[PDB]
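Student: All I have is the shape, not the residue letters:
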Ligand SMILES: [Ca+2]
Ligand SMILES: [Ca+2]
């Protein structure tokens, strides 16, 4: 969900579960999933919708409690430790609000 | 500033035929009444005392069209024109989405045409590119004399 | 290749290696269409509908569905899913 | 170039040969004329029940 001024967007993105291998859906990181489900544009590594950037250091990004727990569990077991590189999982209610 | 009620013409106010440029109560007859509210044409539109007092005080009550539903006519294997389950509502959204509107407001008349426009954002749409003037000429049947557009004499 | 385990029009080698749809047919991706407008779709080759929406992978990729769907719902991974909601404006209470 | 010259449901051959409905006036036999009823309603008089 994106909550820009006087507008909203409520996209859905497919996610793959690794607990029982028969699904062959490609694995999507959250950042490229956002840029895929929103038609965003890349300049040199930043995401722009029309003229408002969307990035971990430029937006207010809020999870649910379960989603935040899943994110935390999948960050200390990595190296970059940046959210926009976290494997997507089913049942993740992200919410992005751009600054005023 | 508060809507009174929304009503859909159930059975006694359905226009069987509407040709372009012609009203449903063809000119010469009288307008049609709209009183019943429920589905089986058995009810009257009720208003309460405050709204009646506002009506009698001098306030004006307006009617605004919200939507219209109606079929079109196709041909089956025979030469029989069929109009059943052919609701224009199936195409309204797409036509408004992929086309641009052009309105003309000559005296005691109006024209509300739609012209297809191509977007250059994805190299899959292959609709020919139309300029505004030649789109007007194409969508209005206008005539060119030496570089000017005439509809009939204006 | 030529295998089609899902019976759509996209074979199960492009369906997982990357394909683009031009002239209503699927072709391999080589990044040369990068600076032209074409996108790169990747889907699942064991199901007809990757996302779950009624339109299939080929219909979503080519653009043969209802022409009022936003381009963000173009690639198979994204799903066409309206979120229709009701916003209340006011009340009028008739006192009988 | 058209199956129905006039526009009425019956085609040219059906109208010409008379293989169509037999209650239609002979003036509609030729394709140029159209089989088209002009049914109208004539009022006679009202009765008002005063409740
Ligand atoms: Ca396939
Ligand atoms: Ca597939």
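Tutor: Arrived safely, thanks for sending. Numbering: from 1, shown residues only, chains lettered A, B, ... in the order given. Ligands and ions are numbered 1, 2, ... in the order given.

Student: what about the strands in chain C?
Tutor: Ranges of strands within chain C are C:19-22, C:25-28, based on DSSP state E.

Student: right, so those strands: which one is the most enclosed?
Tutor: Greatest average neighbour count among the strands of chain C goes to strand C:19-22 (a mean of 18), per mean count of other Cβ atoms under 10 Å in any protein chain shown. For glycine as for every other residue, the C-beta is placed from the backbone atoms N, C-alpha and C.

Student: wait, what's in contact with the residue minimising distance to the centre of chain A?
Tutor: By Cα atoms, centre = their mean, chain A has its centre lying nearest to residue A:30, at 3.4 Å. Residue A:30 is in contact with A:83-86, A:88, A:92, A:94, counting by Cβ atoms under 8 Å, 6 or more residues apart in numbering or on different chains.

Student: just so I have it, where are all the helices in the chain?
Tutor: I went with chain A, as the question did not name one. With helices called from DSSP state H, chain A shows them at A:30-37, A:65-73.

Student: um, chain C though
Tutor: All helices of chain C, identified by DSSP H, fall at C:14-17, C:57-62.

Student: Chain B: which of the ones you listed is closest?
Tutor: Closest approach to chain B among the helices of chain C (Cβ to the nearest Cβ): helix C:57-62, 8.2 Å.

Student: which helices and strands does that closest one pack with?
Tutor: Counting contacts by 3 or more Cβ pairs under 8 Å, 6 or more residues apart in numbering or on different chains; DSSP states H and E, helix C:57-62 packs against strand C:19-22.

Student: Just the element for residue B:95, please.
Tutor: Residue B:95 is part of helix B:89-98 when elements are defined by DSSP states H and E.

Student: how much distance is there from that helix to the middle of the chain?
Tutor: In terms of Cα atoms, centre = their mean, to the nearest Å, the centre of helix B:89-98 is found 13 Å from the chain centre.

Student: immediately after it, which helix or strand?
Tutor: Where DSSP H and E defines the elements, the next helix or strand beyond helix B:89-98 is strand B:99-104.

Student: Neighbouring strands of that next one in the sheet, and parallel or not?
Tutor: Strand B:99-104 has its sheet partners listed here by DSSP bridges as strand B:111-116 (antiparallel).

Student: The partner strand to helix B:89-98, inter-axis angle?
Tutor: Angle between the axes of strand B:111-116 and helix B:89-98 is 70 degrees (criterion: axes from the mean of the first three to the mean of the last three Cα atoms, to 10 degrees).
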